[PDB]
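Quick mapping for you: the protein sequence lines, in order, are chains A and A'. A prime marks a further copy of an entry chain.
So the number in the entry's author numbering is just where the residue sits in the first sequence, counting from 1, plus 42.
So the number in the entry's author numbering is just where the residue sits in the second sequence, counting from 1, plus 42.
To start, the structure under review is shown below, and the notes come after it.
Protein chains: 2
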Amino acid sequence: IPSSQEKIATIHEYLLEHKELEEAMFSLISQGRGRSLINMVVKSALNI
Amino acid sequence: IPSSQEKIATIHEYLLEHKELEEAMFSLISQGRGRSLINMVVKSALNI
Numbered sequence: 043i044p045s046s047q048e049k050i051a052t053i054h055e056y057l058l059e060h061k062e063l064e065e066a067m068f069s070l071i072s073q074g075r076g077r078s079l080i081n082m083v084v085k086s087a088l089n090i
Numbered sequence: 043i044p045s046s047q048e049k050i051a052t053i054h055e056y057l058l059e060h061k062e063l064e065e066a067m068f069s070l071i072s073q074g075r076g077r078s079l080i081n082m083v084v085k086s087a088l089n090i
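See below:
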């Protein structure tokens with residue numbers, strides 16, 4: 043049921059509460075490693 | 043130099059362009075696996 047806006051808002055709140063995650067994601071994205079970030083997080087979530 | 047607001051806004055734009063990442067992060071966070079998400083992304087970013 044949750045919409046994309048609700049998912050984004052939930053992640054936004056999580057990033058604010060966990061600055062390490064925000065800083066690590068920005069570092070990976072801004073340094074051109076976002077594709078490795080996508081692949082790694084998707085694989086982890088699919089193996090729940 | 044980039045501020046927290048700029049980092050968050052950069053991630054927001056990235057999530058919108060890559061729905062898989064948004065969906066995988068929400069799935070991990072909402073199912074109580076956010077700590078594993080933090081640890082995995084931080085380690086990857088530190089090994090750049």
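Backbone N, C-alpha and C fix where the C-beta goes; we use that ideal spot for every residue, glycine too.
Per the C-alpha coordinates, the member of A:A51, A:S72 and A:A66 positioned closest to A:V83 is A:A66. By the C-beta density criterion, A':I71 is buried, having at least 16 other C-beta atoms within 10 angstroms. Interface annotation for the region 61-74 of chain A' against chain A: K61, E62, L63, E64, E65, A66, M67, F68, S69, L70, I71, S72 and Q73, criterion Cβ-Cβ distance under 8 Å. Taking the Cα positions, A:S86 is about 27 Å away from A':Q47. With its beta carbon at least 7 Å from every one in chain A, A':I43 lies outside the interface. Within a 10 Å sphere around the beta-carbon of A:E62 sit fewer than 16 other beta-carbons, which makes this residue exposed.
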